[PDB]
>>> print(open('input.cif').read())   # mmCIF, C-alpha atoms (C1' of nucleotides)
data_work
loop_
_atom_site.group_PDB
_atom_site.id
_atom_site.type_symbol
_atom_site.label_atom_id
_atom_site.label_comp_id
_atom_site.auth_asym_id
_atom_site.auth_seq_id
_atom_site.Cartn_x
_atom_site.Cartn_y
_atom_site.Cartn_z
ATOM 1 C CA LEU U 1 11.343 267.612 206.651
ATOM 2 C CA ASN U 2 11.272 271.396 206.969
ATOM 3 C CA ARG U 3 9.216 271.085 210.150
ATOM 4 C CA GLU U 4 11.811 268.532 211.367
ATOM 5 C CA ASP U 5 9.229 265.920 212.388
ATOM 6 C CA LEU U 6 9.652 263.312 209.646
ATOM 7 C CA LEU U 7 9.793 259.727 211.041
ATOM 8 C CA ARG U 8 11.222 260.957 214.336
ATOM 9 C CA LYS U 9 12.070 258.259 216.858
ATOM 10 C CA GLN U 10 11.299 258.323 220.557
ATOM 11 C CA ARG U 11 14.775 258.316 222.100
ATOM 12 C CA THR U 12 16.209 261.250 220.115
ATOM 13 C CA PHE U 13 18.604 264.134 220.696
ATOM 14 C CA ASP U 14 15.993 266.791 221.633
ATOM 15 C CA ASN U 15 15.128 265.215 224.997
ATOM 16 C CA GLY U 16 17.614 267.407 226.918
ATOM 17 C CA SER U 17 14.832 269.950 227.541
ATOM 18 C CA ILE U 18 12.586 267.440 229.364
ATOM 19 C CA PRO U 19 12.260 268.367 233.052
ATOM 20 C CA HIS U 20 11.914 265.790 235.802
ATOM 21 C CA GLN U 21 8.516 267.168 236.926
ATOM 22 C CA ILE U 22 6.468 265.359 234.274
ATOM 23 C CA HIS U 23 8.144 262.034 235.052
ATOM 24 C CA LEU U 24 7.417 262.671 238.739
ATOM 25 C CA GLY U 25 3.805 263.397 237.771
ATOM 26 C CA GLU U 26 3.441 260.169 235.797
ATOM 27 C CA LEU U 27 5.100 258.298 238.673
ATOM 28 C CA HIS U 28 2.634 259.732 241.212
ATOM 29 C CA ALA U 29 -0.243 258.850 238.869
ATOM 30 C CA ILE U 30 0.911 255.223 238.422
ATOM 31 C CA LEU U 31 1.486 254.862 242.182
ATOM 32 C CA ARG U 32 -1.912 256.374 243.066
ATOM 33 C CA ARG U 33 -3.556 254.105 240.490
ATOM 34 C CA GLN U 34 -1.799 251.005 241.840
ATOM 35 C CA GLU U 35 -1.753 251.730 245.590
ATOM 36 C CA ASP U 36 -5.263 250.344 245.950
ATOM 37 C CA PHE U 37 -4.028 246.801 245.321
ATOM 38 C CA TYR U 38 -0.530 246.333 246.692
ATOM 39 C CA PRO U 39 0.163 247.571 250.211
ATOM 40 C CA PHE U 40 3.949 247.873 249.976
ATOM 41 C CA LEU U 41 3.991 250.422 247.165
ATOM 42 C CA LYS U 42 1.113 252.196 248.886
ATOM 43 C CA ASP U 43 3.320 252.325 251.974
ATOM 44 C CA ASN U 44 6.514 253.347 250.161
ATOM 45 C CA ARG U 45 5.171 255.601 247.402
ATOM 46 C CA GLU U 46 6.712 258.653 249.071
ATOM 47 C CA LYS U 47 9.983 256.715 249.304
ATOM 48 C CA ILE U 48 10.008 256.281 245.519
ATOM 49 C CA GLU U 49 8.982 259.933 245.097
ATOM 50 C CA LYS U 50 11.945 260.790 247.341
ATOM 51 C CA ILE U 51 14.192 258.652 245.114
ATOM 52 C CA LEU U 52 13.104 260.566 242.018
ATOM 53 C CA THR U 53 13.136 263.942 243.767
ATOM 54 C CA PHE U 54 16.526 263.517 245.500
ATOM 55 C CA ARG U 55 19.239 265.831 244.227
ATOM 56 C CA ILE U 56 22.614 266.277 245.929
ATOM 57 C CA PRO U 57 23.284 269.974 246.640
ATOM 58 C CA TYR U 58 26.343 271.481 244.974
ATOM 59 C CA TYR U 59 27.707 272.659 248.329
ATOM 60 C CA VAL U 60 27.753 269.086 249.631
ATOM 61 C CA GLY U 61 30.049 267.624 247.022
ATOM 62 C CA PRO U 62 31.212 264.030 247.121
ATOM 63 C CA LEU U 63 29.414 261.949 249.715
ATOM 64 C CA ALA U 64 32.678 260.505 250.955
ATOM 65 C "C1'" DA O 1 103.592 172.378 214.516
ATOM 66 C "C1'" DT O 2 98.337 178.692 210.644
ATOM 67 C "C1'" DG O 3 95.196 181.015 208.820
ATOM 68 C "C1'" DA O 4 94.097 187.760 209.242
ATOM 69 C "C1'" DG O 5 95.293 191.626 206.833
ATOM 70 C "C1'" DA O 6 92.846 195.345 201.627
ATOM 71 C "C1'" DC O 7 84.790 197.947 202.718
ATOM 72 C "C1'" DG O 8 79.125 202.631 198.190
ATOM 73 C "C1'" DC O 9 76.902 208.454 193.075
ATOM 74 C "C1'" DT O 10 76.952 212.515 194.634
ATOM 75 C "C1'" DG O 11 76.163 216.651 193.133
ATOM 76 C "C1'" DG O 12 73.321 218.966 190.603
ATOM 77 C "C1'" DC O 13 69.321 219.566 189.165
ATOM 78 C "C1'" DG O 14 63.952 219.971 189.761
ATOM 79 C "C1'" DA O 15 60.522 220.045 192.534
ATOM 80 C "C1'" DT O 16 58.458 219.813 196.190
ATOM 81 C "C1'" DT O 17 57.314 221.490 200.833
ATOM 82 C "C1'" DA O 18 57.456 225.428 203.940
ATOM 83 C "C1'" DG O 19 56.892 230.088 205.426
ATOM 84 C "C1'" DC O 20 57.386 235.467 206.183
ATOM 85 C "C1'" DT O 21 58.122 240.740 206.886
ATOM 86 C "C1'" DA O 22 57.768 244.816 204.770
ATOM 87 C "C1'" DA O 23 56.479 249.255 202.085
ATOM 88 C "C1'" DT O 24 52.146 252.445 200.916
ATOM 89 C "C1'" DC O 25 48.516 254.462 201.886
ATOM 90 C "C1'" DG O 26 44.209 255.565 203.847
ATOM 91 C "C1'" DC O 27 41.061 256.322 207.919
ATOM 92 C "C1'" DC O 28 39.993 257.988 211.467
ATOM 93 C "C1'" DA O 29 39.833 259.065 215.805
ATOM 94 C "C1'" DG O 30 33.293 259.800 222.160
ATOM 95 C "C1'" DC O 31 30.709 263.833 222.609
ATOM 96 C "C1'" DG O 32 26.171 266.690 223.976
ATOM 97 C "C1'" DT O 33 24.352 269.958 227.447
ATOM 98 C "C1'" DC O 34 22.961 272.568 231.870
ATOM 99 C "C1'" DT O 35 22.961 274.097 236.894
ATOM 100 C "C1'" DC O 36 25.444 275.812 241.048
ATOM 101 C "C1'" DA O 37 28.971 278.243 243.468
ATOM 102 C "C1'" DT O 38 34.167 279.355 243.748
ATOM 103 C "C1'" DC O 39 38.298 282.154 243.179
ATOM 104 C "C1'" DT O 40 41.798 284.587 240.340
ATOM 105 C "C1'" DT O 41 43.747 287.682 236.288
ATOM 106 C "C1'" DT O 42 43.689 291.237 232.479
ATOM 107 C "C1'" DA O 43 42.237 296.571 229.355
ATOM 108 C "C1'" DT O 44 41.186 301.549 231.104
ATOM 109 C "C1'" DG O 45 40.601 305.038 234.858
ATOM 110 C "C1'" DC O 46 44.252 307.741 241.191
ATOM 111 C "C1'" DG O 47 48.957 308.612 244.773
ATOM 112 C "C1'" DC O 48 56.467 310.326 245.735
ATOM 113 C "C1'" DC O 49 59.325 308.256 249.327
#
>>> encode(input="input.cif", output="structure tokens")
Amino acid sequence: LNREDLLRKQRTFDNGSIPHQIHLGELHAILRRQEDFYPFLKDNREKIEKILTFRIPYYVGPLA
DNA sequence: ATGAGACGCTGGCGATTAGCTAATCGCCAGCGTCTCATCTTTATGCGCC
């Protein structure tokens, strides 16, 4: 209780510190471990990586 | 050369039967962050028609 880790759930409030890099790492690992079977995700793994990596610049604004 | 005209317990109960806002108060209110830039504006400090 004093160490604040008593029965903590998984989807909690402290996840705001989690960067996107580790999710991208786990994504690349899953893709590389599954690209040896299916051809389409082996072909479009960099597309999915682009989906996760894509961030609209602040100077662009609305994509109207 | 005769055969119509003249019409009731209700009111005062109960007792069904049916139906409706209003006055008082309490509760309780989606919120969390960051980045990035962007401009202002203020406090003080310096100049004479």
>>> residues_around(input="input.cif", residues="range 42-56 of chain U", least_positions_apart="4", cutoff="12 Å", atoms="only C-alpha atoms (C1' of nucleotides)", output="PyMOL selection string")
(chain U and resi 19-38+60-63) or (chain O and resi 35-36)
>>> write_last_selection(input="input.cif", atoms="C-alpha atoms (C1' of nucleotides)", output="PDB file, in the coordinates of the input")
ATOM      1  CA  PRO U  19      12.260 268.367 233.052  1.00  0.00           C
ATOM      2  CA  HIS U  20      11.914 265.790 235.802  1.00  0.00           C
ATOM      3  CA  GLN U  21       8.516 267.168 236.926  1.00  0.00           C
ATOM      4  CA  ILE U  22       6.468 265.359 234.274  1.00  0.00           C
ATOM      5  CA  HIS U  23       8.144 262.034 235.052  1.00  0.00           C
ATOM      6  CA  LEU U  24       7.417 262.671 238.739  1.00  0.00           C
ATOM      7  CA  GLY U  25       3.805 263.397 237.771  1.00  0.00           C
ATOM      8  CA  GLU U  26       3.441 260.169 235.797  1.00  0.00           C
ATOM      9  CA  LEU U  27       5.100 258.298 238.673  1.00  0.00           C
ATOM     10  CA  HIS U  28       2.634 259.732 241.212  1.00  0.00           C
ATOM     11  CA  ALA U  29      -0.243 258.850 238.869  1.00  0.00           C
ATOM     12  CA  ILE U  30       0.911 255.223 238.422  1.00  0.00           C
ATOM     13  CA  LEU U  31       1.486 254.862 242.182  1.00  0.00           C
ATOM     14  CA  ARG U  32      -1.912 256.374 243.066  1.00  0.00           C
ATOM     15  CA  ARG U  33      -3.556 254.105 240.490  1.00  0.00           C
ATOM     16  CA  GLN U  34      -1.799 251.005 241.840  1.00  0.00           C
ATOM     17  CA  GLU U  35      -1.753 251.730 245.590  1.00  0.00           C
ATOM     18  CA  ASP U  36      -5.263 250.344 245.950  1.00  0.00           C
ATOM     19  CA  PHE U  37      -4.028 246.801 245.321  1.00  0.00           C
ATOM     20  CA  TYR U  38      -0.530 246.333 246.692  1.00  0.00           C
ATOM     21  CA  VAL U  60      27.753 269.086 249.631  1.00  0.00           C
ATOM     22  CA  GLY U  61      30.049 267.624 247.022  1.00  0.00           C
ATOM     23  CA  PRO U  62      31.212 264.030 247.121  1.00  0.00           C
ATOM     24  CA  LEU U  63      29.414 261.949 249.715  1.00  0.00           C
TER      25      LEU U  63
ATOM     26  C1'  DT O  35      22.961 274.097 236.894  1.00  0.00           C
ATOM     27  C1'  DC O  36      25.444 275.812 241.048  1.00  0.00           C
TER      28       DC O  36
END
>>> interface_residues(input="input.cif", of="chain O", to="chain U", cutoff="12 Å", atoms="only C-alpha atoms (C1' of nucleotides)", output="PDB file with C-alpha atoms (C1' of nucleotides), keeping the file's coordinate frame")
ATOM      1  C1'  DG O  32      26.171 266.690 223.976  1.00  0.00           C
ATOM      2  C1'  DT O  33      24.352 269.958 227.447  1.00  0.00           C
ATOM      3  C1'  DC O  34      22.961 272.568 231.870  1.00  0.00           C
ATOM      4  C1'  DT O  35      22.961 274.097 236.894  1.00  0.00           C
ATOM      5  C1'  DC O  36      25.444 275.812 241.048  1.00  0.00           C
ATOM      6  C1'  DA O  37      28.971 278.243 243.468  1.00  0.00           C
ATOM      7  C1'  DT O  38      34.167 279.355 243.748  1.00  0.00           C
TER       8       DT O  38
END
>>> atom_distance(input="input.cif", atom1="CA of residue 9 in chain U", atom2="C1' of residue 28 in chain O")
28.4 Å
>>> atom_distance(input="input.cif", atom1="CA of residue 12 in chain U", atom2="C1' of residue 27 in chain O")
28.1 Å
>>> atom_distance(input="input.cif", atom1="CA of residue 64 in chain U", atom2="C1' of residue 40 in chain O")
27.9 Å
>>> axis_aligned_box(input="input.cif", around="range 31-36 of chain U", padding_each_side="4 Å", output="JSON")
{"center_x": -1.9, "center_y": 253.4, "center_z": 243.2, "size_x": 14.7, "size_y": 14.0, "size_z": 13.5}
>>> decode(input="input.cif", residues="range 12-44 of chain O", atoms="N, CA, C and O atoms (P, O5', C5', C4', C3', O3' and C1' of nucleotides)", output="tab-separated table (two decimals), in the first residue's frame")
chain	number	residue	atom	x	y	z
O	12	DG	P	-80.47	18.22	-0.38
O	12	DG	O5'	-80.47	17.75	1.15
O	12	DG	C5'	-81.20	16.59	1.49
O	12	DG	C4'	-80.27	15.41	1.67
O	12	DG	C3'	-78.78	15.78	1.66
O	12	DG	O3'	-78.14	15.33	2.83
O	12	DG	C1'	-79.20	13.86	0.41
O	13	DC	P	-76.60	15.74	3.04
O	13	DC	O5'	-75.78	14.53	2.41
O	13	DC	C5'	-74.91	13.79	3.17
O	13	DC	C4'	-75.46	12.43	3.47
O	13	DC	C3'	-74.48	11.33	3.14
O	13	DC	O3'	-73.73	11.02	4.30
O	13	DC	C1'	-76.50	10.92	1.99
O	14	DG	P	-72.13	11.02	4.21
O	14	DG	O5'	-71.73	9.49	4.32
O	14	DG	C5'	-72.68	8.58	4.77
O	14	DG	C4'	-72.75	7.32	3.92
O	14	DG	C3'	-71.41	6.70	3.56
O	14	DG	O3'	-71.53	5.30	3.64
O	14	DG	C1'	-72.58	7.20	1.58
O	15	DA	P	-70.22	4.38	3.78
O	15	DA	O5'	-70.41	3.27	2.65
O	15	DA	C5'	-71.30	3.44	1.54
O	15	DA	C4'	-70.53	3.50	0.24
O	15	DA	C3'	-69.00	3.52	0.41
O	15	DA	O3'	-68.38	2.66	-0.54
O	15	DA	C1'	-69.66	5.16	-1.02
O	16	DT	P	-66.84	2.23	-0.36
O	16	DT	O5'	-66.15	2.59	-1.76
O	16	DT	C5'	-66.34	1.71	-2.86
O	16	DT	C4'	-67.59	2.02	-3.64
O	16	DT	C3'	-67.42	1.99	-5.16
O	16	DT	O3'	-68.74	2.14	-5.76
O	16	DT	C1'	-67.65	4.13	-4.57
O	17	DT	P	-69.04	2.12	-7.35
O	17	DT	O5'	-68.03	3.12	-8.07
O	17	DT	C5'	-66.93	2.61	-8.81
O	17	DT	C4'	-66.14	3.74	-9.44
O	17	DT	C3'	-64.71	3.37	-9.84
O	17	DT	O3'	-64.39	4.19	-10.93
O	17	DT	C1'	-64.62	5.18	-8.49
O	18	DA	P	-63.13	3.89	-11.87
O	18	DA	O5'	-63.04	5.23	-12.74
O	18	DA	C5'	-63.55	6.46	-12.19
O	18	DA	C4'	-62.40	7.43	-11.99
O	18	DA	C3'	-61.02	6.82	-12.13
O	18	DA	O3'	-60.49	7.16	-13.49
O	18	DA	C1'	-61.14	8.32	-10.29
O	19	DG	P	-59.32	8.19	-13.94
O	19	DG	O5'	-59.00	9.22	-12.78
O	19	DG	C5'	-59.20	10.58	-12.98
O	19	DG	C4'	-58.06	11.39	-12.39
O	19	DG	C3'	-56.67	10.75	-12.62
O	19	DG	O3'	-55.65	11.69	-12.74
O	19	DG	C1'	-57.05	11.07	-10.32
O	20	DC	P	-55.27	12.53	-14.05
O	20	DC	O5'	-55.22	13.99	-13.42
O	20	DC	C5'	-55.39	14.09	-11.99
O	20	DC	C4'	-54.59	15.20	-11.39
O	20	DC	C3'	-53.12	15.20	-11.78
O	20	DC	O3'	-52.71	16.49	-11.90
O	20	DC	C1'	-53.30	14.93	-9.45
O	21	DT	P	-51.97	17.00	-13.22
O	21	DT	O5'	-51.38	18.35	-12.68
O	21	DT	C5'	-50.38	18.29	-11.72
O	21	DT	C4'	-50.59	19.37	-10.70
O	21	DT	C3'	-49.38	20.23	-10.47
O	21	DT	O3'	-49.79	21.50	-10.02
O	21	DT	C1'	-49.80	18.90	-8.55
O	22	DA	P	-48.70	22.66	-9.88
O	22	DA	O5'	-48.33	22.71	-8.34
O	22	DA	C5'	-49.31	22.62	-7.31
O	22	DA	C4'	-48.62	22.36	-5.97
O	22	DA	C3'	-47.23	23.00	-5.85
O	22	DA	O3'	-47.02	23.47	-4.55
O	22	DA	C1'	-47.10	20.77	-5.32
O	23	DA	P	-45.96	24.65	-4.31
O	23	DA	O5'	-45.95	24.87	-2.73
O	23	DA	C5'	-46.47	23.87	-1.89
O	23	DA	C4'	-45.46	23.43	-0.83
O	23	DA	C3'	-44.17	24.24	-0.75
O	23	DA	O3'	-43.65	24.11	0.57
O	23	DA	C1'	-43.67	22.04	-1.43
O	24	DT	P	-42.12	24.46	0.94
O	24	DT	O5'	-41.36	23.08	0.74
O	24	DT	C5'	-41.65	21.99	1.60
O	24	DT	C4'	-40.38	21.40	2.18
O	24	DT	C3'	-39.19	22.34	2.20
O	24	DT	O3'	-38.43	22.11	3.37
O	24	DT	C1'	-38.81	20.51	0.67
O	25	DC	P	-36.97	22.76	3.57
O	25	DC	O5'	-35.99	21.65	3.01
O	25	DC	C5'	-36.19	20.30	3.37
O	25	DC	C4'	-35.27	19.37	2.62
O	25	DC	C3'	-33.86	19.94	2.37
O	25	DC	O3'	-32.91	18.92	2.55
O	25	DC	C1'	-34.77	19.19	0.37
O	26	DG	P	-31.35	19.28	2.68
O	26	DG	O5'	-30.68	17.84	2.70
O	26	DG	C5'	-31.42	16.71	2.28
O	26	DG	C4'	-30.86	16.12	1.00
O	26	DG	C3'	-29.40	16.48	0.71
O	26	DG	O3'	-28.79	15.32	0.19
O	26	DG	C1'	-30.72	16.97	-1.14
O	27	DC	P	-27.21	15.21	-0.06
O	27	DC	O5'	-27.15	14.07	-1.16
O	27	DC	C5'	-28.14	14.05	-2.15
O	27	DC	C4'	-27.53	13.90	-3.52
O	27	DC	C3'	-26.06	14.21	-3.58
O	27	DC	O3'	-25.54	13.61	-4.70
O	27	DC	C1'	-27.19	15.81	-4.78
O	28	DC	P	-24.03	13.10	-4.77
O	28	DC	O5'	-23.89	12.82	-6.33
O	28	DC	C5'	-24.96	13.23	-7.21
O	28	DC	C4'	-24.55	14.45	-8.01
O	28	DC	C3'	-23.09	14.87	-7.80
O	28	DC	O3'	-22.49	15.14	-9.03
O	28	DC	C1'	-24.47	16.70	-7.67
O	29	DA	P	-20.94	14.82	-9.26
O	29	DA	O5'	-20.65	15.43	-10.71
O	29	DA	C5'	-21.30	14.92	-11.87
O	29	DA	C4'	-22.18	16.00	-12.47
O	29	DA	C3'	-21.43	17.07	-13.25
O	29	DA	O3'	-22.13	17.46	-14.38
O	29	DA	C1'	-22.59	18.07	-11.49
O	30	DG	P	-21.89	16.70	-15.75
O	30	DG	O5'	-20.43	16.12	-15.56
O	30	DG	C5'	-19.74	15.59	-16.64
O	30	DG	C4'	-18.27	15.53	-16.32
O	30	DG	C3'	-17.46	16.76	-16.70
O	30	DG	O3'	-16.95	17.33	-15.50
O	30	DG	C1'	-16.34	14.74	-17.29
O	31	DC	P	-15.96	18.59	-15.53
O	31	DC	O5'	-14.53	17.90	-15.52
O	31	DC	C5'	-14.28	16.82	-14.65
O	31	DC	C4'	-12.87	16.33	-14.83
O	31	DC	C3'	-11.89	17.40	-15.34
O	31	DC	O3'	-10.78	17.48	-14.45
O	31	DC	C1'	-11.64	15.37	-16.50
O	32	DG	P	-9.47	18.35	-14.80
O	32	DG	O5'	-8.52	17.29	-15.50
O	32	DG	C5'	-8.40	16.03	-14.91
O	32	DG	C4'	-7.10	15.38	-15.26
O	32	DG	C3'	-6.23	16.16	-16.22
O	32	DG	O3'	-5.52	17.20	-15.59
O	32	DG	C1'	-6.30	13.95	-16.92
O	33	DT	P	-5.08	18.47	-16.47
O	33	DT	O5'	-3.81	17.94	-17.27
O	33	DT	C5'	-2.68	17.52	-16.53
O	33	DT	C4'	-1.77	16.64	-17.36
O	33	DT	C3'	-1.08	17.30	-18.52
O	33	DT	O3'	0.01	18.05	-18.06
O	33	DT	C1'	-1.95	15.26	-19.25
O	34	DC	P	0.32	19.49	-18.70
O	34	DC	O5'	1.44	19.14	-19.79
O	34	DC	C5'	2.39	18.14	-19.48
O	34	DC	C4'	2.87	17.45	-20.73
O	34	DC	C3'	3.20	18.39	-21.86
O	34	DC	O3'	4.50	18.94	-21.68
O	34	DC	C1'	1.86	16.65	-22.69
O	35	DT	P	4.83	20.41	-22.24
O	35	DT	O5'	5.14	20.16	-23.77
O	35	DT	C5'	6.13	19.22	-24.14
O	35	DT	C4'	5.93	18.84	-25.57
O	35	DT	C3'	5.87	19.99	-26.53
O	35	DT	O3'	7.14	20.52	-26.80
O	35	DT	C1'	4.13	18.55	-27.03
O	36	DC	P	7.44	22.06	-26.47
O	36	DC	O5'	7.76	22.68	-27.90
O	36	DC	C5'	7.98	21.82	-28.99
O	36	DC	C4'	7.02	22.15	-30.11
O	36	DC	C3'	6.61	23.58	-30.20
O	36	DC	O3'	7.62	24.41	-30.70
O	36	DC	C1'	4.71	22.28	-30.51
O	37	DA	P	8.29	25.48	-29.71
O	37	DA	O5'	8.02	26.89	-30.40
O	37	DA	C5'	8.31	27.09	-31.76
O	37	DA	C4'	7.03	27.31	-32.53
O	37	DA	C3'	6.35	28.64	-32.28
O	37	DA	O3'	6.90	29.64	-33.12
O	37	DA	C1'	4.74	26.93	-32.12
O	38	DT	P	7.35	31.05	-32.51
O	38	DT	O5'	6.09	32.00	-32.79
O	38	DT	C5'	5.31	31.78	-33.95
O	38	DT	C4'	3.85	32.10	-33.71
O	38	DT	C3'	3.60	33.36	-32.90
O	38	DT	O3'	3.64	34.47	-33.72
O	38	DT	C1'	2.24	31.62	-32.09
O	39	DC	P	4.94	35.39	-33.67
O	39	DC	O5'	4.39	36.88	-33.84
O	39	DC	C5'	4.19	37.69	-32.71
O	39	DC	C4'	2.74	37.64	-32.27
O	39	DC	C3'	2.40	38.54	-31.10
O	39	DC	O3'	2.13	39.82	-31.57
O	39	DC	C1'	1.45	36.40	-30.75
O	40	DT	P	3.23	40.98	-31.45
O	40	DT	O5'	2.49	42.10	-30.59
O	40	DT	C5'	2.48	42.00	-29.18
O	40	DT	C4'	1.07	41.83	-28.66
O	40	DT	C3'	0.88	42.31	-27.23
O	40	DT	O3'	0.39	43.63	-27.22
O	40	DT	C1'	0.29	40.04	-27.34
O	41	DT	P	1.33	44.84	-26.75
O	41	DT	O5'	0.47	45.57	-25.63
O	41	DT	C5'	-0.74	44.98	-25.20
O	41	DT	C4'	-0.61	44.41	-23.80
O	41	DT	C3'	0.46	45.01	-22.94
O	41	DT	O3'	0.11	46.30	-22.48
O	41	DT	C1'	0.33	42.68	-22.57
O	42	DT	P	1.29	47.29	-22.00
O	42	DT	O5'	1.56	46.88	-20.48
O	42	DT	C5'	0.53	46.96	-19.53
O	42	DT	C4'	0.83	46.09	-18.32
O	42	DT	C3'	2.07	46.47	-17.55
O	42	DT	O3'	1.83	47.53	-16.66
O	42	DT	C1'	2.06	44.13	-17.87
O	43	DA	P	2.93	48.67	-16.47
O	43	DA	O5'	3.89	48.06	-15.35
O	43	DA	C5'	3.36	47.71	-14.10
O	43	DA	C4'	4.45	47.39	-13.10
O	43	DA	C3'	5.79	48.07	-13.38
O	43	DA	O3'	5.86	49.29	-12.69
O	43	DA	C1'	6.15	45.76	-13.29
O	44	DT	P	6.14	50.65	-13.48
O	44	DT	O5'	7.74	50.75	-13.46
O	44	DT	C5'	8.40	50.73	-12.19
O	44	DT	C4'	9.78	50.08	-12.25
O	44	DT	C3'	10.75	50.70	-13.23
O	44	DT	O3'	11.28	51.89	-12.69
O	44	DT	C1'	10.84	48.38	-13.47
